[PDB]
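Colleague: Under the authors' numbering, think of the first position of the sequence shown as 1, with each following residue one higher.
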Amino acid sequence: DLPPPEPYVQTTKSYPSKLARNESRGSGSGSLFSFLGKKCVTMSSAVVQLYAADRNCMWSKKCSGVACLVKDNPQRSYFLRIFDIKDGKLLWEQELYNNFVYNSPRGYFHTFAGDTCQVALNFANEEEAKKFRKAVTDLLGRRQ
């Protein structure tokens, strides 16, 4: 069955890539939105269903589609976004943060911290989920 929904509470969020600071690992600046500078590379793609631990402890799908893990080589950051298969548009987007970890108490169901609410992701295939965590870890392992 699906994993149990955990209570998620806000804390603190801060990205180095969104700090405009000289090289990641820092905190200080006041850069603006941007203008022209984006170079992210994709790793793998796996279809999953985005769910939110609704009240009464009951996951609630928000929007499913094709999800791919993007990694910024130049920016030195990772971003997770989902695209629709009918609208072919962004249905979900997460801005990974420093010391990022991947939870997977299930076979093919990983959970993470949402904006202000808890959300979980469920892949369409098990392998795709296995390769997913393996990919992340592999990336986390490589670091630098």
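Backbone N, C-alpha and C fix where the C-beta goes; we use that ideal spot for every residue, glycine too.
Do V70 and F79 have their C-beta atoms closer together than 8 Å?
Modeller: In the sequence shown, the residue the question calls residue 70 occupies position 70. In the sequence shown, the residue the question calls residue 79 occupies position 79. It is a contact, given that the beta carbons lie within the stated cut-off.
Colleague: Who are the near neighbours of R25 in its chain, counting only those whose CB is closer than 7 Å to its CB and skipping five residues on each side?
Modeller: Stepping through the sequence shown from its first residue, residue 25 is reached at position 25. The answer, listed in chain order, is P16.
Colleague: Is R133 helix, strand or coil when you go by DSSP?
Modeller: The sequence position of residue 133 within the sequence shown is 133, counting from 1. In the structure shown, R133 sits in a helix (DSSP, three-state: H, G or I).
Colleague: Of the residues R81, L2 and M58, which one's Cα is nearest the Cα of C40?
Modeller: Counting from 1 along the sequence shown, the entry for residue 40 is found at position 40. Ranking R81, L2 and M58 by Cα distance to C40 puts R81 first.
Colleague: Report the partner residues of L69 according to the DSSP bridge assignment.
Modeller: The count along the sequence shown starts at 1 and reaches residue 69 at position 69. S44 and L80, per the DSSP bridge assignment.
Colleague: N122 and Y108: beta carbons closer than 8 Å?
Modeller: Within the sequence shown, the letter at position 122 stands for residue 122. Within the sequence shown, the letter at position 108 stands for residue 108. Going by C-beta atoms, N122 is nearer than 8 Å to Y108.
Colleague: Below 8 Å CB to CB, which residues in the same chain sit around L91 once its five sequence neighbours on both sides are set aside?
Modeller: Taking the first residue of the sequence shown as 1, we reach residue 91 at position 91. Closer than 8 Å at the Cβ level, and outside the excluded window around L91, lie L50, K62, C63, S64, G65, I82, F83 and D84.
Colleague: For the putative contact between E6 and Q144, defined by C-beta atoms under 8 Å, what is the C-beta separation to the nearest angstrom?
Modeller: Here the question's residue 6 lines up with position 6 in the sequence shown. Here the question's residue 144 lines up with position 144 in the sequence shown. About 31 Å; that fails the 8 Å criterion.
Colleague: In the DSSP assignment, find the beta strand (DSSP E) that holds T11 and state where it starts and stops.
Modeller: Within the sequence shown, the letter at position 11 stands for residue 11. First-last for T11: undefined, no H or E at that position.
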